[PDB]
2 protein chains.
Amino acid sequence: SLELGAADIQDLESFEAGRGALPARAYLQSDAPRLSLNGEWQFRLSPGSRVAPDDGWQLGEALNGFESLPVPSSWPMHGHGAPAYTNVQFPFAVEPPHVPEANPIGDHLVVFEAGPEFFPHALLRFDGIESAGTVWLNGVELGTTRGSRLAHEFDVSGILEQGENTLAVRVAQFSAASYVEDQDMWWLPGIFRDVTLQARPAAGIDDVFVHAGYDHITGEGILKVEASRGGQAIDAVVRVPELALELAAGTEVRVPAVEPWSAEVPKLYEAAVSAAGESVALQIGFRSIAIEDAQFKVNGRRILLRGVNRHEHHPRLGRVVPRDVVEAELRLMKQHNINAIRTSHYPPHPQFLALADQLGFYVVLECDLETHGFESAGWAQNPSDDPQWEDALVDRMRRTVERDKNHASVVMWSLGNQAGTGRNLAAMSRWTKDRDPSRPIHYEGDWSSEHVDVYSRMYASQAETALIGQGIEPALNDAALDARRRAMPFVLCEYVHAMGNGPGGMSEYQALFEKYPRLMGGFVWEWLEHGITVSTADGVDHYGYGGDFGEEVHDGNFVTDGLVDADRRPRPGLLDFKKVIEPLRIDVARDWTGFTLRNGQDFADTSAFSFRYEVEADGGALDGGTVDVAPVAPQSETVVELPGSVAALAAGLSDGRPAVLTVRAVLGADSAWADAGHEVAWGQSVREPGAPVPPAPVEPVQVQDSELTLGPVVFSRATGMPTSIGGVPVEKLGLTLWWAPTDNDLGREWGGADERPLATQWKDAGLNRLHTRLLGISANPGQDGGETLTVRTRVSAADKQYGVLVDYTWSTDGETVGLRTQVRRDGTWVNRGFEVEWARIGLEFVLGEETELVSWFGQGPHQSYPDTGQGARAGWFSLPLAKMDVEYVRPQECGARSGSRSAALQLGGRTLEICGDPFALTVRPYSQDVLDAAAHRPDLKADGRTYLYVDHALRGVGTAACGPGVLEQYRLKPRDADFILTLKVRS
Amino acid sequence: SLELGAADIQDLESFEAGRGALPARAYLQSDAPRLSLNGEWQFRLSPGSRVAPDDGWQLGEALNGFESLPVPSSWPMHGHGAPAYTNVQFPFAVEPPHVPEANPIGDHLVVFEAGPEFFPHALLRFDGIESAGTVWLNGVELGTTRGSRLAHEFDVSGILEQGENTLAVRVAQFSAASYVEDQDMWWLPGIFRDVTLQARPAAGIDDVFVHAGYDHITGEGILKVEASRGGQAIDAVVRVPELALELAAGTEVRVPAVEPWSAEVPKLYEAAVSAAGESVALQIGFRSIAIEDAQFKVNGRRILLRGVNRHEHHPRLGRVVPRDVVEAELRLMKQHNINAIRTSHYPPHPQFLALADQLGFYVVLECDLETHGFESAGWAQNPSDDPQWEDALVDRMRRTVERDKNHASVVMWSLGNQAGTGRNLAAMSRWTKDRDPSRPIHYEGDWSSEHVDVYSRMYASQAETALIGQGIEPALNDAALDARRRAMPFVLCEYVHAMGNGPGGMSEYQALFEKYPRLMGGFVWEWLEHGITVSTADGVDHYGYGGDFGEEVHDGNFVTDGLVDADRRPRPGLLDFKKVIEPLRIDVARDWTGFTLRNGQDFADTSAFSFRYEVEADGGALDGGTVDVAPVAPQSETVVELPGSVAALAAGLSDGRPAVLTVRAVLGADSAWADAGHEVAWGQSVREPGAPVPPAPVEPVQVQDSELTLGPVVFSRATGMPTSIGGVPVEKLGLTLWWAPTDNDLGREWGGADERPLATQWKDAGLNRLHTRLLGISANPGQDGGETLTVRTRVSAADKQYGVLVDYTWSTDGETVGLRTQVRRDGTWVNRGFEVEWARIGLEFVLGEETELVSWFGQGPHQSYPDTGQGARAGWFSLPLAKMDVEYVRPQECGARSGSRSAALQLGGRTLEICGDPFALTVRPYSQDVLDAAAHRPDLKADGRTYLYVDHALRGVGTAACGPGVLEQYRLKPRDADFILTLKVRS
Ligand SMILES: OC[C@H]1O[C@@H](O)[C@H](O)[C@@H](O)[C@H]1O
Ligand SMILES: OC[C@H]1O[C@@H](O)[C@H](O)[C@@H](O)[C@H]1O
Ligand SMILES: OC[C@H]1O[C@@H](O)[C@H](O)[C@@H](O)[C@H]1O
Ligand SMILES: OC[C@H]1O[C@@H](O)[C@H](O)[C@@H](O)[C@H]1O
Ligand SMILES: OC[C@H]1O[C@@H](O)[C@H](O)[C@@H](O)[C@H]1O
Ligand SMILES: OC[C@H]1O[C@@H](O)[C@H](O)[C@@H](O)[C@H]1O
Ligand code: NA
Ligand code: NA
């Protein structure tokens, strides 16, 4: 046997959960001496095990080949190799437990000093190594690590020396464990969480298990704090000063009056558990979880989960998320009405849990297990059902549960994600139910729900969710399993996939969640885009995605699918989500005399809020103030009268003049997660402006050799299009039916005979390449010598027989211009046997000047499409042109402002004003073809023109990249249509 | 009505066949004064009719805007606009008769002088204008032209002036006629054929209709020459000196003994038809065409059509083909055994016909009509069935027939191509049968064959062709039409689509053509690639195809689909086609005592040929000479004994020594189309070399720290691959299963549930991204202390569970190296529910040095794949590395030499020699990934290495880009396999 590296590879191919580590336990704050070994280490990278040197480097001998590297790190974020993104597909041949030859091996070394406080006993702790570590101290092998996002501790007693010590860690990127770590995220090897030396004094405390329940009938807490050392229960004293408690560890007591913990009111009691040689500090939240009457209840009440799936990602550091970024992102979540987090799909940094306890989130704490890449082979060889993997998978669940079991915020344990079904998942569930019956078990992969306590799905349609909400879904074949599942509450562990422009359809889910007790709510996929900061050859920073790092196989921009970008800047979807899930409902009366207020919270009343009103008109705010609202109980409602000055204004306003009344609930005082005045909920009542009044057509058409003039409009006799309006140059005017496909439009809409993505349907139909033929131009008699001008055109595409006849009728009184557009289908819009849907029915004006500022009356400030824009409120808005865009990583259709009634574009020294019945407004400095072709933001370039889109109709954006497409009510099928606009130019 | 250009556009949208032209007539060589107006004209281009100036330019006033342009020309070939390629799809919206707004309008002007010989009567002739011309002379509008490849003449009597004249022609690229001119070719506007002034003397001859039949029973000619002036029969004298004839025009006579015309023996008789004021010169070929007993017969005998489809294209001049290029390409066709031409899909230059008469080709002369782009809408609005188009389509057929009716080479009239079915095609057929019953009518678009005389198909499979050949195809529903069609002879007007590497499957068609009298033969699609010469930014010339000229819609490289490149350089397909269709069959006896000879000609005996033999061995020619063969009658065979010295050599050769006997039929004397010694047919008998003798394994394996040595081979202990063989550096050795997709592999194979192109099947299966895992390396006991080395590997792809186990066993005696490769499937090669076919089972050696010369024993000199290579004969070959490649316009798999038994690569100062049972040999200076990624030849770059492919199995190439894919016998399904090679390095 002559090949090199055989012993290293046999270890990497092991089915065992590693070796040599101390038993799994909780992460505990203790007074035992602690030394962090994080800092600058030495690092050497080899391309695989067979060439990784065996040169005594573990002693500090072979310094050459090594260079400085920060630890913790994801090493490809620091110039060593490259990140690689795959969604489902494995990046290596699927033949478990074997590893590919190209397998980056990273050797890490650090020298540190240990004082006498670390003797006689100490351990070394590793909070995360992706994916396989072998650890040596002073040349002695301590053992190995498996379970990339799980903690391992090694006893160093008798190996650690007083004074200098040399720690060496060989990390393999790929191992047998990679087959059970196939999450949809970047593959990033490294020692990516804390490395800590901890003294283990005699008569200490190794593990603690807090049991802190709440009896909602009596208001009592139920407390038992177990404590152990070396696997044996120990005498220890538990002190909870705020509750006047001093009790023995291991005894259950009833605490007469506790304030219970919830995400809404995250009450924590400081406690200490003390033995002779060590004391542990705890924060105890009293809460009990129950499943009863097909409802998920906390402290005796059904709750509504307004959730996100949170991965750990940083655009420059990879899987290392600095604490300040964590704290800020959790506050950002609370600022957007989120109350729940799923740790997709592995345990988070150990210090995350205390922050969730403190700020208040219901947490689904998920084990590091995902075998999704076996699905393509019908789950053949799936680790979850293979006996050889049982110990490894039970170990993952054990380490997951033991680490985080003391945290009130953890309300459910999840077995993993997309791991199929099998005997080892059942073993993990059995182990967990025996160890910790206080928390229900979650796992979506087995729809029969045989081994879980809630029924979980991902991306079930709104329609199917309504059936489940009513308890009327189709039955499982096994009547006993059906009876069990039908009596379970239902959660969407992933829904409304938030990739690109979207997600559409959030309101339809939310109405169901709020109506049906069996529906627990849902967790958006996902909180963040995993963009990675890169730069062009000219130094322009932007986010990269799959394939931008030379990957042979990858899934492109499916890793940029979040509510916020990788720097935690909100996408429009987050602003809409905040509104959709707002925990108070404010319904303002049409007559402005008051509002109905529903408190949708589960535990808190409305006393935390200040209720403010404001009336705005074109000239600015006409009135505003606060109203005193007697606190409304959870799940109750009331009617609140507004001050008489508000209704007096409504009465006084001349009909047709626009005005907006907004009632908002803001924090009355600072909280831990936002300042006083932070807006939580709002409602409005709008007095809409009258429809536009087209001008009397009293100006005649003047005929020149090559142009026509009609008041302030000049037209080409060769094209029929305006070439200037009030001196604003017009390069082109034409009909639009298409937009640059969103990420959702690039997804297949399964079901029905046509499974092409909408983008492909449009391409095949030629909708991305429309052309216009001029049929004729004629003047018609107007008023008092004036005339109208009708330009007749037909729009179609090369090689197609279908078209739309489009007639433009122009009129003017010399100041205002009227434009009537009439669209009539000429032939059936069917291509390849299927109907061709449209993106819009609108006009594109290409103006020969740049726009500095865009103002409008409608909704805003951010974009809105028919099935989004919940967060866009009625009002007057004004933005610099650059701020109208949306910085999606892959540029795509975005930035439309639906529901507009008037718009004004400042183009140098002139203002172009447009009025209509509701229209969508978009303004860009580059064309739709530039937007479509661009794969990253630096591909966009301004060309000196203004591209102005006025849409009479728009389709929705849906979630077709993963889950439901556009719901029927928001689809735009071909139709005939007519609409009027008025235009004016002010100088 | 205020738009510009309305009158011009109404004319362009006219359904009429133009206006003002003289009646259609023959192209006739006459003694009337003729002046060619070809030369340097003045030219101005506008983007459409609405902006095309009406500035009096027709008089020579508006010189500015005009620049010099050669006429004839295709104007986009001279920097004015750009060529655009579409196959089927129209490049404009389909709404006949309307034209798009973007419609290049080219104004052409020339001043010329006319002497007194052009008075009182003269005409102007235009032999082609694409697509719509309006003609003025001295400011007077003569009329308009429709039918782009048809001739028009205009009377200029009373308009032409003695002295200076100004001719003006406005040409529109697009018109209503574009809807009936949708051939698969470049769209190229221009005045692209001759412009001629012709005097029309009094008492002259306007038209002549030659009728020249042949009675094969008596050997007599049947002659009648009709002559007319102004539509009336005239007295004229017909003189045929070689036949001693002086007769009146309009009288039918029997000529006692004529030598008949055929493509094989194109006998022409010079004749003159003379009236008082004009004489016409003719070449008369006597031949009669008959359909009888379901056979197409000429001069009483069934013929076999060995044909090509000939478009008119030049890579720098467009639709203008210089006469010297025409003459050379026709000789090239004859040099490759072609005897028939289809003028796809329009009449050729008028002077082509005399060349076909003279050189000898059976011509299918096809009308300028193709409406293929209406098929996508179910033929809705198809001009062929629309009454408004009747006059226009009958006019096209009339002009087609009248121009060329006097030519013996025209044996069938074709109505057009891919024009669907309809009443106007029936009208065209009726008109033609009435006007010229001497020629059968062809049209493939109506499979019922109701209005034609032969049954024509395009790309019918070999299987379906065999059924038709036997008269057993499924019946038409109408019993009367079925009886008619079943009694028709059958032609493939297009078959064996010759795009890229291919066409495969030619032999299977040819065997049927030769076996079944009803099968007339076939015309390859197509003679030439329509490449257009372009240059890179660095000045590297190459051919461009669709999309290389900025087209919005195009069909890519489907215009480069020929047997020769646009400069008439043969592709390998032409060399194979020549052999497939060779008109003599030479079957050499295994014992080298003689050969059987079949004369497959229809009229000629074998007296034109010299029969030569040659015996070659490794050292060179051992013997050769000529053998006297008594002339063999058409369709007969004989046995010919070879000189005894040949068999004496065979007897004397030691068994296992290779030797090749080749018998060839060459021209004994110069012909009009090739020189004496030109090879027409050949056959061989091969004494094959013995199988390779692997060495005695008497050298042991020497183990070093990181390498192993086994005689002259060094191996890496990290990869198991050789790193040098005899000092030749080896960068990589591995198994191959894939090749860079050919044009055929990018085509869909219709039928069955899987219609992905093979290239897509491979991509989805990961066959283009295989990786290898090392399982182990071990030494085994050899002989007398020696050892063998077995390297065990597994080949698979990321995210797939299927693989192949590949074991390499190495042995050496210190000079020769033995390599045994064993391949075993591990799991089923099924992906997306369908079996994954392989391109090959072979080895790729990547050598770290450049190869200067490649030599081999096998077949050659050109490439061969399992279903091609008919033209590659057995022998010894040697080529510089560059000449091993094939210069396809889109680079793709090519250059394999199948059937090799030994190869030698000269790499600097060393020669690497390889021996095996039959293997395919390929050698390249760039990798397969470079070949696949390259879209044009300058994308290929040498990297300083040698890529050597040794294939134990290869799949065929088929014709799946259009028509049959690889036939079952040539497909390569996954299998287990083993094979032996020997290697030696000589310094
Ligand atoms: O777990 C390791 C990480 O822990 C975070 O809390 C810290 O802010 C980061 O800098 C890094 O050290
Ligand atoms: O003010 C900036 C941000 O800071 C928070 O503290 C505040 O409460 C939020 O509403 C947000 O506006
Ligand atoms: O009359 C203006 C027209 O210009 C053409 O160049 C274009 O193809 C048409 O779609 C239309 O825009
Ligand atoms: O028909 C026009 C063409 O005719 C060819 O015979 C000639 O060689 C070309 O130069 C061009 O004049
Ligand atoms: O010799 C060059 C070429 O020229 C032809 O005249 C000859 O007959 C052909 O066989 C070809 O070889
Ligand atoms: O042992 C050599 C190997 O090297 C790796 O880098 C490659 O992925 C494998 O396919 C194989 O070539
Ligand atoms: Na884009
Ligand atoms: Na290629």
Side-chain angles (χ1 to χ4, degrees), chain A residues 692 694 701 708 710 713 715-723 725 730-739 762 765-780 788-798 800-811 817-831 836-847 914 916-917 919-920 922 928 947-955 972-977 979-983, chain B residues 1-6 9 13 48 50 92-95 98-102:
Chain A
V701 172
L708 312 171
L710 181 57
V713 190
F715 300 87
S716 169
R717 295 180 67 180
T719 68
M721 305 183 293
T723 58
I725 300 170
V730 181
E731 306 297 338
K732 183 174 170 169
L733 169 66
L735 189 81
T736 57
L737 301 172
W738 175 83
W739 71 33
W762 285 339
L767 215 67
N768 64 317
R769 49 177 175 84
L770 299 173
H771 287 281
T772 301
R773 186 172 63 86
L774 179 65
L775 276 54
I777 305 169
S778 68
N780 327 295
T788 62
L789 186 74
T790 296
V791 177
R792 301 184 305 115
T793 73
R794 188 178 180 274
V795 179
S796 184
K800 306 302 179 182
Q801 294 195 15
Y802 44 78
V804 284
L805 298 164
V806 184
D807 286 1
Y808 303 91
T809 299
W810 297 90
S811 55
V817 179
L819 174 55
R820 179 177 182 170
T821 304
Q822 297 170 280
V823 181
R824 178 179 266 157
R825 294 159 299 146
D826 178 21
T828 299
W829 282 71
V830 169
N831 187 68
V836 180
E837 296 196 28
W838 293 343
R840 68 215 306 172
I841 300 168
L843 302 176
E844 178 187 49
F845 293 78
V846 183
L847 311 173
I914 303 126
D917 294 297
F919 64 93
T922 309
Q928 291 202 104
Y947 296 79
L948 162 65
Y949 303 84
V950 177
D951 297 302
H952 176 63
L954 277 189
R955 71 183 295 103
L972 182 54
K973 304 294 210 295
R975 68 165 190 262
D976 304 340
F979 56 101
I980 296 171
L981 302 167
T982 64
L983 312 165
Chain B
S1 190
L2 298 178
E3 75 274 11
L4 300 176
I9 288 164
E13 299 186 342
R50 310 200 193 264
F92 41 74
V94 182
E95 44 162 345
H98 304 290
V99 292
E101 294 297 321

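The sequence lines fix the lettering, A, B, ..., with proteins before strands; numbering per chain opens at 1.
- In this structure, CG in A/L789 is found 7.5 Å from CG in A/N780, a value given to the nearest 0.5 Å.
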Between A/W739 and A/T922, is the side chain to side chain contact (heavy atoms under 4.5 Å, CB included) condition met? List the steps. CA-CA 11 Å; A/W739 71 33; A/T922 309; over 6 Å; no

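- The backbone N or O of A/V806 sits nowhere less than 3.5 Å from a side-chain atom of A/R824 that would complete a donor-acceptor pair.
- For the atom pair CZ of A/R975 and CH2 of A/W829, the computed distance is 14.0 Å after rounding to the nearest 0.5 Å.
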Name every donor-acceptor pair, under 3.5 Å, that has one atom in a side chain of residues 730-737 of chain A and the other anywhere in the protein, sequence neighbours excluded.
from   : atom 1 : to     : atom 2 : distance (Å)
A/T736 : OG1    : A/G842 : O      : 3.2

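- Listed by chain and residue number, A/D764, A/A765, A/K800, A/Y802, A/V836 satisfy the side-chain contact (heavy atoms from CB on, under 4.5 Å) test with A/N831 (two or more places apart in sequence, or in another chain).
- Of all heavy-atom pairs between B/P100 and B/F92, the closest is CG-CB, 3.8 Å.
- Between A/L767 and A/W838 the shortest side-chain heavy-atom distance falls below 4.5 Å.
- With A/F715 as the fixed residue, the side chain to side chain contact (heavy atoms under 4.5 Å, CB included) test singles out one of A/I725, A/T723, A/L710: A/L710.
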Start with the C-alpha gap between A/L983 and A/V713, add the side-chain angles, then the distance that decides, and say whether side chain to side chain contact (heavy atoms under 4.5 Å, CB included) holds. CA-CA 10 Å; A/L983 312 165; A/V713 190; over 6 Å; no

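- For A/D976 and A/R825, the salt-bridge test passes: some basic side-chain N is under 4.0 Å from an acidic carboxylate O.
- Residues satisfying the ring pair (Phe, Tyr, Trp, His ring centres under 6.0 Å) test with A/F845, not counting sequence neighbours, are none.
- With rounding to the nearest 0.5 angstrom, the CZ atom of A/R794 is 12.5 Å from the CG atom of A/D807.
- Listed here is the closest heavy atom pair of A/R717 and A/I777: O-CD1, 4.0 Å.
- Residues passing the side-chain contact (heavy atoms from CB on, under 4.5 Å) test with A/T828, sequence neighbours excluded: A/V830.
- Rounding to the nearest 0.5 Å gives a distance of 8.0 Å between OG1 of A/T793 and CG of A/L805.
- Of the possible polar contacts, none joining the A/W810 side chain to the A/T790 backbone as a donor-acceptor pair under 3.5 Å is found.
- Residues A/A779 and A/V701 come closest through the heavy atom pair CB-CG2, 4.2 Å.
- Contact detail for A/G766 and A/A797: the closest heavy-atom pair is O-CB, 3.5 Å.
- The two residues A/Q928 and A/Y949 have their closest heavy-atom pair at CG-OH, 3.3 Å.
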Yes or no on side chain to side chain contact (heavy atoms under 4.5 Å, CB included) for A/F979 and A/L843, after CA distance, side-chain angles and deciding distance? CA-CA 11 Å; A/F979 56 101; A/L843 302 176; 4.1 Å; yes

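- How far CZ of A/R820 is from OG of A/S811: 10.5 Å, rounded to the nearest 0.5 Å.
- A/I980 CD1 to A/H952 NE2: the interatomic distance, rounded to the nearest 0.5 Å, is 10.5 Å.
- Remark: B/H98 engages A/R773, B/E13, B/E95 in a side-chain contact (heavy atoms from CB on, under 4.5 Å) (not counting sequence neighbours).
- Scanning for side-chain contact (heavy atoms from CB on, under 4.5 Å) contacts around B/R50 gives A/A718, A/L774, B/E3, B/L4, B/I9, B/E101, with sequence neighbours left out.
- Distance alone, capped at 3.5 Å, is enough to place a donor-acceptor pair between the A/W762 side chain and the A/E837 backbone.
- For the pair A/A977 and A/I841, the tightest heavy-atom approach, listed with the atom from each and the gap, is CB-CD1, 4.2 Å.
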Output, in order, the C-alpha distance, side-chain angles, deciding distance and verdict of side chain to side chain contact (heavy atoms under 4.5 Å, CB included) for A/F919 and A/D951. CA-CA 5 Å; A/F919 64 93; A/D951 297 302; 5.9 Å; no

